[PDB]
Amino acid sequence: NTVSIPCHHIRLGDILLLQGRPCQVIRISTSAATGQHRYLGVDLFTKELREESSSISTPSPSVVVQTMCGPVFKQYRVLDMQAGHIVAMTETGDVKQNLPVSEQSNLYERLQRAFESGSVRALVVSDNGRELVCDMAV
């Protein structure tokens, strides 16, 4: 349920797990004392601000790895759209009747636009069992 992401590949707007919750990164800084990077982000589900500092590992001599964890995004087919949510289907055919859609960057209107023109995929993040369409693909 976690993707390891090197810090040097993390940019503003990326979605990371911060304190275990999927958050859109809004500020990146570096600790003067430790060298760790600090990520400030907005919880995609609750919109609270959360921060978390990178983990530093040294697997081999002279290799210093700083990483953060990103969520695993699932790709769901979009079968219908109604009332700000979608009806989705997983790869195996499991129907999700009532998937909410992130308010980020006019996602639902863009989804609806592409839906109206079976190429759309909803990109879904999970947190504590709750699923949220947080991006789209065609």
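We number the residues from 1 along the sequence you see.
According to the record, 1 to 3 deposited residues between residue 117 and residue 118 are left without atomic coordinates. According to the PDB record, 81-89 carries the higher mean C-alpha B-factor of the two stretches 81-89 and 36-44.
Checked against the record, the higher mean CA B factor of 122-130 and 15-23 lies with 122-130. Residues shown: 67, 53, 29, 62. Highest C-alpha temperature factor in the entry: 62. In the deposited entry, the Cα temperature factor of residue 1 places it in the highest third of its chain's modelled residues.
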